[PDB]
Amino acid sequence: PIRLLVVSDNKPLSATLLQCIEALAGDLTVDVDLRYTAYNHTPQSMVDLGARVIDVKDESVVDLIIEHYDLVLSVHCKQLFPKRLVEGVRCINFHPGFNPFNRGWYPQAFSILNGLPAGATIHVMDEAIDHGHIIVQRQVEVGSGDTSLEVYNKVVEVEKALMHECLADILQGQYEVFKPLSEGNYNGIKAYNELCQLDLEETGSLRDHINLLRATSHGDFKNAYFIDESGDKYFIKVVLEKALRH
């Protein structure tokens, strides 16, 4: 009877994970707790799935997790698991990036700027961020027309496909792991906020400037901004459309 804690700030991936587990209840008994984190400013969609808050950095919560669970799954979790937690119980992260490339924040946004692989990685969690040995990953192609939104949605679909394909093996420990070929590059939220903070005076190719806007364009999120002569702040995004082929 596998005791599973899922720690997630993402409703659609959590819903998919709960459905995959329910579909396995014929061959494999799993007791699931679902939790979201303190950083979730807008948690009602998780609450609707039966979740409540966990502070994974709280030392008593760490004690209790190591006691009560065989396995912790991090799915788009907004909190750093502390050292004693990842060394105390098996912790596996679903990361919307292709490790070890653009580890950290909004990987597909950096992949649009720098050409590094985009995709999804399921990996063992160590003390470092998006850093432990890889269980499985799959690349997504970044199209010329894509913004952050289109690449992110393809990454989320690939994560759902990996859950469906691999969840039985992950729950049962039936897999080998591989060390990333290098440490790779890490992007913190500071590096993203500097992307968003446009310099109207900066000089570059139209390509680099369009790529910067594409990286920061994500549906209705207010990301990239300039501030004009009168100190008015304007958010800017690009919208792209493939021309009809005739």
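Note that residue numbering begins at 1 and tracks the sequence as displayed.
Taking only CA atoms, the mean B-factor in the PDB entry is higher for 230-238 than for the other of 7-15 and 230-238. Higher mean CA temperature factor, per the PDB entry, when comparing 168-176 with 88-96: 168-176. Per the deposited record, the Cα B-factor of residue 46 falls in the middle third when ranked against the other modelled residues of its chain. Residue 69 sits in the highest third of its chain by CA B factor, as recorded in the PDB entry. Remark: residue 186 belongs to the lowest third of its chain, ranked by C-alpha B-factor as recorded. Among the modelled residues of its chain, residue 60 has a C-alpha B-factor that falls in the middle third, as given in the PDB entry.
Among the modelled residues of the chain, residue 52 sits in the highest third by CA temperature factor in this PDB entry.
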